[PDB]
Each structure stands twice: as C-alpha cells, then as structure tokens.
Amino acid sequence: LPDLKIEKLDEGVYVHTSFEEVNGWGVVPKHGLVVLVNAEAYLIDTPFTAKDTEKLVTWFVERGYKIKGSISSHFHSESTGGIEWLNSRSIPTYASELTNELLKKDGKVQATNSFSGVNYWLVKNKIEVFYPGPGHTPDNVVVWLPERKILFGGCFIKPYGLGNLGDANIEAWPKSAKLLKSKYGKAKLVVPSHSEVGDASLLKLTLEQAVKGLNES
C-alpha cells in the first residue's frame, strides 16, 4: 500500500496524503492537511491509520513541531482514523458535536474536543472550521485557512462526482455547496479529499455536481 506523503502545499500548510484501499478506485489518496500555525502543527483530518497518524505526527514532531491538535472534517475514518491514537498520545482531538454523535453512534473513539454551530475557530484567525450544512455526510465540515485563503473542503468538495452517497444528504448538499460556494469564494485554493488541489472553481463544480447529483435522485 502507498506510503504516507507529506508535501508542502503553501506556506505553513502541508498536504499529508494517506491511502486506504476503501475499494473505491481501489487505493484512494486521502488528502489531509497539517496547518503549521508557527511552531505548532494541526492535523486537519487524520489518516485512516494510527500508523500514518504516528508517522505524520512524528514527521512534524521530529522537525520541531508540537502538535496542538487534530481536527476532523467528518466522522469517516478518512478523517478520524487517528483520533484514537492521537488520544493515546494526548493530542487534543477536535470534531464537530454532530461528528462525535456519529462517531459515538459508530462505536468509534470520539474526538475529545467538540464544538458546534455554523462555524468554529480552532485557532482565532487561522483555522476556521465550517458547517456548510449536510452534504457528503450529515456532520461534514470544511476548514478554512484565512491567512493563505485555502479551504480544505475535504470530502465535501467533490468536483467530478459526489463520491460516497452512503451518509450523504443528497437533498441538502446543494444548499450546502451554495452556502459554501458563497462563503469561501475568495478561496485561492480548495483542497478536495481525493483530487488534485484546485481553485475556487471547485466550490462551484461541487455545487453543480451536488444539484446535478440531486437532479438524478
């Protein structure tokens, strides 16, 4: 199985890329991010594996970066596989109230730090979390990196298909993609969860794909 990939994306923001054979297109590259406030690192989404979380973690730890915490876009393992480990390591793990009710609903270890509402600042003016509303998952959120004008749509931003409809609010995705396409259009880059990093246009295509997605069924 493909090795973890940590590629600087922009200033103080890396794109860790884990791979889990969720039998979709076989092996899938789950793109996450490690926002480096300054001397501190934040795992935006955690690899589906503790191992990779450990690797990603120490990769940054090893380079003098204290890991203040992780933040998950949604409850799936793509974004929570490491909360467990991160928790054993006493890493402040962050997930929405809705994701945790979902993690707890799935008997998965829940992130120790919750938060709710349309928006939550994980870091005053640097790591903004956001509930565009239901979409890929009922709890799915997106993390905006104001400073770099980078958004981590994660699995919400699905520009070429809606992907896993399993836990998706096909009826609410559009509304969400629009509330999203409306709040973060100032975006310089949008970070999907399985596609190359695109620009503010991904917010529109996700919308299109969502309505499109809805039109069918």
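Start at 1 with the first residue shown and count on from there.
Looking at 18-26 and 197-205 together, the entry lists the larger mean B-factor for 18-26, computed on C-alpha atoms. For the pair 169-177 and 43-51, the record assigns the higher mean C-alpha temperature factor to 169-177. Looking only at 159, 153, 163, 32, the residue with the top Cα B factor in the deposited structure is 163. Across 111, 123, 143, 98, the greatest Cα temperature factor reported in the deposited entry is at 123. The deposited CA B-factor of residue 4 belongs to the lowest third of values across its chain. Annotation for residue 88: C-alpha temperature factor in the middle third relative to the rest of the modelled chain, per the entry. Annotation for residue 106: C-alpha temperature factor in the highest third relative to the rest of the modelled chain, per the entry. In this PDB entry, residue 56 carries a Cα temperature factor that places it within the lowest third of its chain's modelled residues.
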